[PDB]
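See below for the structure under consideration.
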Amino acid sequence: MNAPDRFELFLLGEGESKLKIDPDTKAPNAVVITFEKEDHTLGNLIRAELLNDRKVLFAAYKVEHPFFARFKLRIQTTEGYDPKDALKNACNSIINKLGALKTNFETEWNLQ
Amino acid sequence: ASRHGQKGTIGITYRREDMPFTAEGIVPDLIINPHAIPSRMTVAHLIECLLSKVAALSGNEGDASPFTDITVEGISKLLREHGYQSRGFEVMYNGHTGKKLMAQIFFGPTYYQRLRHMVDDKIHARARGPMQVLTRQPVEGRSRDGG
Amino acid sequence: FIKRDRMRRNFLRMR
Amino acid sequence: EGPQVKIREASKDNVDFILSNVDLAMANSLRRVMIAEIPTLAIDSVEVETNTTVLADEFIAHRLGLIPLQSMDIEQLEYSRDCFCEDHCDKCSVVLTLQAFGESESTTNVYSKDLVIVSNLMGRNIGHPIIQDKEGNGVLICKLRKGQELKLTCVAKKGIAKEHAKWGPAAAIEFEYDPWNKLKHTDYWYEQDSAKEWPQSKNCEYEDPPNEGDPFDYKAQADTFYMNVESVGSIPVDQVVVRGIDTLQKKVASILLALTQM
Amino acid sequence: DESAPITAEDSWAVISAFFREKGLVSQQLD
Amino acid sequence: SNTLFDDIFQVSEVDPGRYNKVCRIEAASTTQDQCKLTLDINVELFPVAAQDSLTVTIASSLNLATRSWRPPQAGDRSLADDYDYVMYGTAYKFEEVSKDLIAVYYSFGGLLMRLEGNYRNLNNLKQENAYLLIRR
Amino acid sequence: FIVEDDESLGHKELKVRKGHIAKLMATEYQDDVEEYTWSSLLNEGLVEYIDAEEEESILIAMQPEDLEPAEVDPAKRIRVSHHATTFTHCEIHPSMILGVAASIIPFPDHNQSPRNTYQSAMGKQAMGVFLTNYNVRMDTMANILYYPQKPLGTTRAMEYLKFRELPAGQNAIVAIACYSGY
Amino acid sequence: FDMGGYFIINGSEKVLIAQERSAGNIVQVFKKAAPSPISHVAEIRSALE
Amino acid sequence: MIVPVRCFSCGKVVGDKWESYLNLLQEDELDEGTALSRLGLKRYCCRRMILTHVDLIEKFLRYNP
Amino acid sequence: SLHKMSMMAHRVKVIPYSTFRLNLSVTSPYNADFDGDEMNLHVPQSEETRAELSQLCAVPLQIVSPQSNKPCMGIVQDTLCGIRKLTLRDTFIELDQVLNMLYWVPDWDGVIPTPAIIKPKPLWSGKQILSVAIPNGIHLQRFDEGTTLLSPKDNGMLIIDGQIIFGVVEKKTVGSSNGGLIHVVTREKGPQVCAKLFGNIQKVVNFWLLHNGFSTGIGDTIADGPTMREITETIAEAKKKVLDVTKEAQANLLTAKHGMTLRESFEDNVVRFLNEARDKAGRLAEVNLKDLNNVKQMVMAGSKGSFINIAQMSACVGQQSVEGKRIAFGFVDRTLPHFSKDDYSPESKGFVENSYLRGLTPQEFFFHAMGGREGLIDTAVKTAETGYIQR
Amino acid sequence: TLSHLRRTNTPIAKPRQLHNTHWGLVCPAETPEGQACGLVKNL
Amino acid sequence: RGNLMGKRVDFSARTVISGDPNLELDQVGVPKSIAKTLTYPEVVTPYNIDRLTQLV
Ligand SMILES: [Mg+2]
Ligand SMILES: [Zn+2]
Ligand SMILES: [Zn+2]
């Protein structure tokens, strides 16, 4: 009646990008990107990784107000280094860290 | 509300993994606000929470009977031996970043009461409801669509 | 520093 | 290779390990994954045939929520919403029903083990109620005397703990690091001595004493963590972490996927 | 002993009788 | 670029007032008898011994600032490396204590620097948001 | 209690002693039949009913062992002396100067009095389980907690109030932190 | 666990409260320092049982 | 009432411990701290629950239905 | 509703779950807290009223109270507790964190300031970050006792251009003071800016508080076992100072000075001795504390409590009172029968010489009920007189 | 339900206060706040 | 008093309040329901006629 559903705590809204590629204007090769339908776990990682790429100037995020599965995320890079194409370079990497970890734990387990 | 005149309400609900947690893995049911204490003198609210912690460890029932010898120090060492910080404090971990918390938290069980004054009884709004008979003014009375 | 009840076990024995 | 996992102890039902060579939020969100988004079956919709009992209906139906279920082959079950089915089917859900009767003269209990699956599992390995007692008597549901009836139907559905604790595969998660306070992320409050009235972690074995009288490696980061998962029996603990991680992998890769929709 | 002078914790015995005797509505029922 | 001001300052005293990281230091010019200093620091990162003659540099910039702080790469021919210790701040008071005895007042982010000495030595100190570079 | 002054010890004590008490739990633990009930204390001249007007005339003792025999933790509250000879009564137990409402507060002797007064009012609209037969009454506006829990820090009185079989709240793991502003 | 202590009227649990009063058959003295000529008033409220 | 299914905070296994809990007491004349221990409840958020449940329903059942 | 500013016109943000929801720093004017209080709302129906509301009864406009010419909305709660720790020298914050805190402030240009420390370990100091939310142009300074442009114990305030320089931000500066910050911004940049200032100072200081955490506990009420000794000594001297005086009267050797009777002067002679001794004790316990002792912070943060609270917790509870006189001989010549008559002794007539920490003794407890009610009656009437009077 | 039965009442010196003589007779603590502070008091 | 200086009025709501750090000093959260019952008229002009139409 006032209660919003729960798949779209993860289920993509229709005609609504899960993300929102939004240029900001406050800084060059900075950007702010809006995440529909998720929460800290997804967020906080995506920061921490982004503090390890060397070609990044600035990266931070926040959850505006507890009640939606949206936080917001702000990237600033060094010149000519697109932050979109700095997401892949981050995001590709984490799965790598897990497809590394998982099996480097898979084989930690058959050992039992 | 506590058992000491700390009538409060539910600020907000956080599902578990956001609740800050201790090393043991416990997560508080319910968080209150240190500024509740100082000028409420509600010391007993502390000592209960301590004692109640000891009891749930040992298995006894904390005897909160008033004019008894049962001091704090007595309660304290009893707590210590069970392997907790003497003053009931614990290290706790923020639940968002999964970081340590740069200061340590008070922590225990404590008896809580619920109260009638649920919100769904206290809400109503009126835009051109029914008037009175007499002064044709909007009627009073919440159940009656009062103004 | 606790509540103990079964001393009926004691009292019926102590009797 | 990447991070390392020294599995230390494995109960039938508890798994401990040290999480070596890993960043922090990683450690965190592996955990908060574990608590939150592990898809799981559990009893949700509760039709009542006949209730004599003293309990208010949903008060039963409530607890019928929190009865853990076999959930290995959970992925071979797809979600309710995603069922075009007539709202449930052997593709989306499991239907359990119950036949409880207060027949004998002494008070007659109720347990999960008194439940009956009624649907074509396709041989699956989900839904069998979980009996973590030897005596093969599961969870206490209710009490029947002489002459009280309970017949009812139930539909259980896939879902994650976040949607309602009932869907939780997970219980309290131990978590600690820098048990030795070598990192200084925290200031031991004290009246007299952090040493005296602060029990050392169990974990303080696993990492050396602080070899004090030393300068402060400010640059030390966190790794080699100390966690103790504890399932319910919805899935055994090793399958949790597997389903825990694979989830998070299945999560980030979503972003890239939609990202690739530039 | 049987004539020994008492200790505080006894009294609860004395009391618990008093209520077993009376109850809480006593003056009402009286 | 340049050291706005430098001279030696023997640590005459160190006082750790109630502060776990932070202390009050007393140092004076070897060169000129009238040039002094009391300055705060985080000790951890440069803790302190009485009568350490400390040559002290200020050096309003780095290369040899309306500038979002940047993480170094490599071979950054910066300053402060042959110096032991570095901060950042800004002056907030040019106190003229006597005849040409002057004092400045640098807060660095909350960290307090108070020189004193001859104006003539201190001609270089005019409201630049300077750095601090001490060694040995 | 009734102090007695001419006693074998050559000073004052209580006419009540251990055997009296022994038969009490004896009679308490029937549940042969001698029924050393409260009444018996009276007609045996053990304890004396006392009212306000009468109190003007007497000199009572807080706790017997405290006071009657003529004669330590820093954490203990500091307690007065037994100088007073001519005691004629000793209080049964001082924590019996509290109403129904009060003796459900834990440690009402550490709080600030109005807190108690606030507490006194509040339980009376704490929901709970008012009467076990409830399922069959046709009252209006009865409210029943689901999983009532006996509290932890109980109070030697409250047993009598049968609270511990019809409790009115739950133990909750509370944390006094400034967590999220909220 | 009920304890009575009360009545039922038209089927609803009523309860007589202790009221309270001054006790009868008491000599009592007050002042009346109002300027009225009566600077002390002894009373008694005689009652028949 | 009835022995809540698993704990508010931890959630470990209670809807089994309940009567096992009891036999311990009657048969083994066994203390609580010992009891919950050999029930395998080493944490204490649980060492709250069962310790301070109230099994009321053993009253309602008295009523004729 | 008995300010002009007891009704204001808030902008509307439609939210979920069914309470009225509002920022804290406006809870002082409504004299409201969330202990369950309800609140009414009114929706105007024609443009003029909306305009009439917005341009007059908007909150930001109502910030200096025309009542006593100062702001009526400080930064008051845990935030005021949170803000204190943050602006401490000892504190430092690191990149990962400093980053996020900056992002919160929604009015933010996008310029990472210089950390107050590089080499080693780039590192900020709280005061700086805070200086982000504060807009520019501000100049503000206040020199407390022993404030020097170096400020050895870190008193006073000095802010320039919107850059905190030294001093520990607290009530006297960001609360509802005379000429603390919020006053100044208001005059300078109008309300609208100040509105944001309240926002940002809250989003930051909360965030940093969240990850710093903050709590309290009985330990905070425990004092040095030794200084407990001295409390008892101060308890003693009183009784000495009390017992001494008493015989002086019974020796008939007392002079009330001209104006008050023997006994009444005897009272002032005593009760002074009690309060001062109690206060002489509380002083020590308050002095004995650590900067760690959380309640000692809470008071220093000016956010809650006061000297009296803790003095009542740990030191002593001191004399109870009705009518300002001591407790009265209720029965003949003795308040309670557990005492003989003519016993005027502090503990008989209603002293209290434990402290809320170590419990109260029946006689004391009863006594302490007496005064505790007396307040309540007074509160009840002192309202009803006030409400009517003011009407 | 219980305390209600052991209430009292007092329709209408200072009869709202808590006189010494109430020791152990009426509860030094419980009394509803407001109009009837003092004049209602539980055994 | 009861009917001239004060009166039961329309276009009102009342409930319990809850703190919130993330609301602007001039804001108020309204329960989404309450907003659905309270209203406020508006006049069609060439400007809002578009949006208004859409609301209807
Ligand atoms: Mg309120
Ligand atoms: Zn289906
Ligand atoms: Zn638990």
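Observations, loosely collected:
- For J:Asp342, the conditions (1) within 14 Å of chain K (Cβ to nearest Cβ); (2) out of contact with any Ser or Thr (no Cβ under 9 Å at 6 or more places or on another chain); (3) of a type in the set (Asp, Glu) are fulfilled apart from (1).
Residue-wise test of (1) surrounded by fewer than 18 Cβ atoms within 10 Å (Cβ to Cβ); (2) part of a loop (DSSP other than H, G, I, E, B); (3) within 14 Å of chain I (Cβ to nearest Cβ); (4) within 16 Å of ligand 1 (Cβ to nearest atom).
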| residue | (1), (2), (3), (4) |
| --- | --- |
| D:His88 | no, yes, no, no |
| D:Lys91 | yes, yes, no, no |
| D:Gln99 | yes, no, no, no |
| D:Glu105 | yes, yes, yes, no |
| D:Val110 | no, no, yes, no |
| D:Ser119 | yes, yes, no, no |
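- Within the option set D:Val95, D:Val118, D:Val110, being away from ligand 3 (no atom under 16 Å from the Cβ), of a type outside the set (S, T, N, Q) and out of contact with any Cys (no Cβ under 8 Å at 6 or more places or on another chain) holds for one residue only, D:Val118.
- No other residue among D:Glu163, D:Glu174 is farther than 28 Å from D:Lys91 by Cβ, acidic (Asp, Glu), crowded, with 16+ Cβ neighbours inside 10 Å and within 9 Å of another protein chain (Cβ to nearest Cβ) apart from D:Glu174.
- Residue count for the range I:1-42, restricted to those that are within 12 Å of chain B (Cβ to nearest Cβ), buried (at least 19 other Cβ atoms within 10 Å of the Cβ) and either farther than 21 Å from D:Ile131 by Cβ or away from ligand 3 (no atom under 11 Å from the Cβ) (or both): 7
- Qualifying residue in the range I:49-63 (condition: over 21 Å from G:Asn171 (Cα atoms) and within 11 Å of chain B (Cβ to nearest Cβ)): no
- Any chance G:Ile60 is β-branched (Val, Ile, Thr), out of contact with any helix residue (DSSP H, G or I) (no Cβ under 6 Å at 6 or more places or on another chain) and more than 7 Å from every other protein chain (Cβ to nearest Cβ): no
- Test for D:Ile141: is it over 28 Å from I:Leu41 (Cα atoms), touching a strand residue (DSSP E or B) at 6+ places or on another chain (Cβ under 6 Å) and either within 16 Å of ligand 1 (Cβ to nearest atom) or of a type in the set (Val, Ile, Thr) (or both): no
- Members of the range D:138-158 found to be in a strand (DSSP E or B) and crowded, with 21+ Cβ neighbours inside 10 Å, listed by number: D:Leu140, D:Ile141, D:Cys142, D:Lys143, D:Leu144, D:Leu150, D:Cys154, D:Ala156, D:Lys157, D:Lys158
- Residue count for the range D:50-93, restricted to those that are more than 13 Å from ligand 2 (Cβ to nearest atom) and either touching a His at 6+ places or on another chain (Cβ under 9 Å) or closer than 30 Å to D:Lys146 by Cα (or both): 21
- Selection of first residues in the range D:5-18 that are in a strand (DSSP E or B) and of second residues that are buried (at least 16 other Cβ atoms within 10 Å of the Cβ) and among the β-branched types (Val, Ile, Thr), restricted to Cβ pairs under 6 Å at least 6 apart or on distinct chains, gives the following pairs, ordered by first then second residue: D:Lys6/D:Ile18; D:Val15/D:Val229; D:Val15/D:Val237; D:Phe17/D:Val5; D:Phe17/D:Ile7; D:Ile18/D:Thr224.
- Only one entry in J:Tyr388, J:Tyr356 is among the aromatic types (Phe, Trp, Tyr) and within 28 Å of the chain's Cα centre (by Cα), namely J:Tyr356.
- Residue match in the range B:70-83 (condition: more than 14 Å from chain D (Cβ to nearest Cβ) and not in a helix (DSSP H, G or I)): yes
- Residues in the range J:148-185 that are surrounded by 19 or more Cβ atoms within 10 Å (Cβ to Cβ) and of a type in the set (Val, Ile, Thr): J:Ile159, J:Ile164, J:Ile165, J:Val168, J:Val169, J:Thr173, J:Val174, J:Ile182, J:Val185.
- Residues of the range F:108-135 that are crowded, with 23+ Cβ neighbours inside 10 Å and closer than 14 Å to J:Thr114 by Cα: F:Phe108, F:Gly109, F:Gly110, F:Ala130, F:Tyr131.
- The one condition in (1) assigned to a helix (DSSP H, G or I); (2) at the interface with chain B (Cβ under 7 Å from one of its Cβ atoms) that G:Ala168 fails to fulfil: (1)
Okay, residues lined up against (1) buried (at least 19 other Cβ atoms within 10 Å of the Cβ); (2) closer than 17 Å to D:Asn125 by Cβ:
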{"position": "D:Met227", "(1), (2)": "yes, no"}
{"position": "D:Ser231", "(1), (2)": "yes, yes"}
{"position": "D:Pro236", "(1), (2)": "no, yes"}
{"position": "D:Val241", "(1), (2)": "yes, no"}
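- Filter pass, G:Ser180 being buried (at least 17 other Cβ atoms within 10 Å of the Cβ), small (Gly, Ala, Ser) and either out of contact with any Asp or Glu (no Cβ under 8 Å at 6 or more places or on another chain) or within 7 Å of another protein chain (Cβ to nearest Cβ) (or both): yes
- Selection status of J:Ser215, polar (S, T, N, Q), within 12 Å of chain B (Cβ to nearest Cβ) and in contact with a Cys (Cβ under 9 Å, 6 or more places away or on another chain): yes
- Filtered residues of the range F:14-43 (kept if surrounded by 15 or more Cβ atoms within 10 Å (Cβ to Cβ) and either among the charged types (D, E, K, R) or in a loop (DSSP other than H, G, I, E, B) (or both)): F:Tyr19, F:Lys21, F:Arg24, F:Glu26, F:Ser29, F:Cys35, F:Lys36, F:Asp40, F:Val43
- Among the residues examined, J:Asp37 qualifies as within 16 Å of ligand 1 (Cβ to nearest atom), more than 21 Å from the chain's Cα centre (by Cα) and within 26 Å of G:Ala177 (Cα to Cα).
- Answer residue from the range D:75-86, given it is within 14 Å of chain A (Cβ to nearest Cβ) and among the acidic types (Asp, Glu) and is nearest to ligand 1 (Cβ to nearest atom) among those: D:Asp82
- Looking across the range F:93-107, just one residue is over 13 Å from the mean Cα position of the chain (by Cα) and buried (at least 18 other Cβ atoms within 10 Å of the Cβ), and that is F:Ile102.
- Top-ranked residue in the range L:28-56 [being closer than 20 Å to A:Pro4 by Cβ and not hydrophobic (A, V, I, L, M, F, W, C); ranked as surrounded by the most Cβ atoms within 10 Å (Cβ to Cβ)]: L:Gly29
In this analysis, Cβ positions are derived from the backbone assuming ideal geometry, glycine residues included, and neighbour counts consider all displayed protein chains. Values in this text are rule-based calculations from the coordinates and carry no lab data.
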